[PDB]
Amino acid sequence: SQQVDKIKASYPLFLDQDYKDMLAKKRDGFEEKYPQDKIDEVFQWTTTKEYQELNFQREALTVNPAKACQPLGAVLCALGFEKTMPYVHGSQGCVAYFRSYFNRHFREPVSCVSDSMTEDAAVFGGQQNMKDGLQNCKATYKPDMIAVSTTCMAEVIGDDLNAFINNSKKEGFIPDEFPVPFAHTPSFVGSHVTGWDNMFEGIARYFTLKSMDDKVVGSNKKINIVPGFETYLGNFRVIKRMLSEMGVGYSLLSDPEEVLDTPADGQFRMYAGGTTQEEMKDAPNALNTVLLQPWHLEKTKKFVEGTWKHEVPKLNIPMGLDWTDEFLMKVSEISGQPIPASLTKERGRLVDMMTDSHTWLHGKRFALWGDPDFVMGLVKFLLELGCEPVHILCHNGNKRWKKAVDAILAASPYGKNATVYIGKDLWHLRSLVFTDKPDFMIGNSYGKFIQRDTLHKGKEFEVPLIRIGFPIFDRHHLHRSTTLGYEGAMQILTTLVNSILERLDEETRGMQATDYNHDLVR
């Protein structure tokens, strides 16, 4: 049943008695469900220290990964360029998944094509798919550039992307100097961040490699900024803002902030903004290149240092107070531009916010996960706030990264109870938040299932999620926010302190039980 003035969606409709009895009849008659007392027993075993030991002995089974595959990254890299079609040579199912994955995070159109390699291509190569694929794409969607990457199918059968693209230009399927940069992006090597790096390095080689003798380092007086896999509109926007505040000439290489936020005004814009091909060709003339997320931009670093002959600064991700300072100061001495009063003030307002909030932040324990640079910048900023980053998880982290983060933990008294875990996943982390319960978790939406697992043990054991990362699918418009700079540090500080105060109000909202501490002023 249904009352037409108060219509019930799935929740709370299946809580009505005739539904509740119906599901009870289904379970009992046909499911051969385990006894509830046994389900409880096994649940309580999943929370133990004994289970956690067996959980970290896993060698073959990954459960609830906190990473994606290489071509996802290559698409986001590609969307950052002017009137560019991301194109992933291989299987079409992949492209439907990368588009959906990003559609749900940004709540926007994500344009990307496939050349639809079937079984026939497996035995005879995807060569004709590259030829037809690029021709149809060029004509149907009118792109000034097409950036090709690959899915596992195309990688396992070893399609030479380079040859396939050169033969489609020769046979006249696409114009001979129609831009088709490529990258082999195998899903089984690394992760999505590796695919962003590979794609960028491929586009940089396409506009640069065969034209270097013409280039002089520093002649355009600009600094190139390579963003990395970035899924916050506010991070692209804040880097630009601050550089413009300083009056620093820059070139953001791969900039998707316009395509990923077009206006609803009666028309769909497949393409919008992005880094021009002219900025990519003139990029060797920059004074230098800054890598905003260096731990997943290693291939790019070797190409900009090796072919462009730039002396890439040893800068961490500009997250938190110290690393945003270090960033602005490097930018100040490369460009010779002084840091304006506005950024010196914004730094001071951030430090003011830190001093106003430290009593609630101090000693707070966090479990957190994400991509390598995001995780170390979040760890640094938590140490600056006087918080303890107890469980640091980075599934796609490497050994050198782990050593760089254990080193920054070692230098702080707030990193004494902290451990960095690389190659481990969210089922691993589900155990660490049970056996060494933190106060909160900072992570993506996949963390909501860890939070309901901790509430099932009980309220005292519940560890709330604070959504900062990728993907955030269960909340609206948080892709618009900022995690970098002073701006970004102000937003994270306000989220961390207010999540804490929210949980205190929740724990003290009980009449004559706990509300003696339900303070008006905090």
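Numbering starts at 1 and runs along the sequence shown.
Student: Look over 402-410 and 226-234 in the entry and identify the one with the greater average Cα temperature factor.
Tutor: Going by the record's values, the stretch with the higher mean is 402-410.
Student: Look up the CA B-factors in the entry and say which stretch, 272-280 or 95-103, has the higher mean.
Tutor: Per the deposited B-factors, the answer is 272-280.
Student: Quiz for you: based on the deposited Cα B-factor, which of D322, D144, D352, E346 is highest?
Tutor: Out of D322, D144, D352, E346, the record gives the largest C-alpha B-factor to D144.
Student: Whose C-alpha has the highest temperature factor in the PDB entry: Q57, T482, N64, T495?
Tutor: Within the set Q57, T482, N64, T495, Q57 shows the top C-alpha B-factor.
Student: In terms of the chain's CA B-factor thirds, is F173 lowest, middle or highest?
Tutor: CA B-factor rank for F173: highest third.
Student: Looking at the entry's B-factor column for C-alpha atoms only, identify whether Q70 ranks in the lowest, middle or highest third of its chain.
Tutor: Its C-alpha B-factor belongs to the middle third of this chain's values.
Student: Sorting the chain's modelled residues by C-alpha B-factor, tell me whether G80 ends up in the lowest, middle or highest third.
Tutor: It belongs to the lowest third of the chain when residues are ordered by C-alpha B-factor.
Student: Among the modelled residues of this chain, does the Cα B factor of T46 put it in the lowest, middle or highest third?
Tutor: Highest third - that is where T46 ends up once the chain's C-alpha B-factors are sorted.
Student: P179's Cα B-factor: lowest, middle or highest third of the chain?
Tutor: Highest third - that is where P179 ends up once the chain's C-alpha B-factors are sorted.
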